[PDB]
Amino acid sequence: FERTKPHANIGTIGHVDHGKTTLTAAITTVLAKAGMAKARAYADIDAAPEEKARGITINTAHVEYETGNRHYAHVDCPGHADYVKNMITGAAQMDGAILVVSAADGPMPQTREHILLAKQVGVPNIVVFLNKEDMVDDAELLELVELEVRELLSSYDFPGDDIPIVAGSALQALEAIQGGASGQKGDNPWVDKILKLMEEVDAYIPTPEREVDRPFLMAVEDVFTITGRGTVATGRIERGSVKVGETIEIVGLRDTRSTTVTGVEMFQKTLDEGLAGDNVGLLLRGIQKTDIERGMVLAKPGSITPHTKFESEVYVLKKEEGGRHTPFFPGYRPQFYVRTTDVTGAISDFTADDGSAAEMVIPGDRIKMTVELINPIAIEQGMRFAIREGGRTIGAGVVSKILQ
């Protein structure tokens, strides 16, 4: 028996004015007829609030709803910049994305850019809604837009042959419900296309693995000497779990070493097991406090490795949001905040979206670049980091490819 329906995190991406917010409203309104959502008006979702987090401001609407199969958290954002920042900082988990493409316009530059970013930041799967079908009276033209979108997806290494594409009209489905449509399949053809979209989302976007089932990872935040037999390392477990008696690795800054966990402690609790989300103190056999420091991580052995050089997608903050007025440039050497500590690094090999070399990336823009750190640290694809100068965040990045 499953006590709770499965959960996924998704969002609407795509070019401005293609219909992302109207589709979000239509999904909540159609599912509200079944009792599975609070209906959210376009005007409400469109007026997305500001959210600030770790020095980065984004405008994001959040809606929740469920289908018969799965519960969803769904993000929608007003502007292209909001998507760039949300995807690079990972402010919303995206287990998949609904790409909205207007059938009247076809793919546009932010269609391409949002697919690029979805690939680079690791969004697993995409479903497409080909919106504004009411504006296109020729089935021939709709098939040509579908093929163009499949080719675009394939060019960013998504499986363009397998991605579900559902055509319809978010605006006509909302108007149909307003005019009395029941929300039952077969009652209205525009509502049926929203139901079909959510059937495809349910079937094609995988439910994420539970965090406690992934390989253990904990960033070390503080360290204590209490007995002569080991050091207590404290932090918040990011994923997985750790049990007394297990071998773990200490990764980053010094050569990788293994130790046995001989105790797990929380306030007023002596535990056999620490779980993802828990703030814990772990007793590490044989480790001296001098061997271990902030910036290191504890991990299931072999599950994460130390690295110094990687490709990343980087966003440069505008002065208005707390950054600097000056562009990032090759050989700039700022600080990289990697989970718990600054590491000096140098940036290089700026690569524009068309593959050509770039001279700089200006504030408010994003680009692919290479980072080389002065010291090795545990790095994996999808890891986020901040770029800092004097403790203020001036950029944000996500690891897209390990190089060394």
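Start at 1 with the first residue shown and count on from there.
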property	result
Which of 49-57 and 33-41 has higher mean CA B factor, as the PDB entry lists it	49-57
Residue stretch of maximal mean CA temperature factor, 114-122 vs 195-203	114-122
C-alpha B-factor winner, where the candidates are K132, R150, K309, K269	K269
Among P164, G235, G228, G252 - the residue whose C-alpha B-factor is largest in the record	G228
Third of chain Cα B-factors occupied by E273	highest
For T89, the third of its chain into which the C-alpha B factor falls	highest
CA B-factor placement of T370, once the chain's modelled residues are sorted into thirds	lowest
Chain-wide C-alpha B factor ranking for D17, given as lowest, middle or highest third	middle
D222 CA temperature factor, ranked by third within the chain	middle
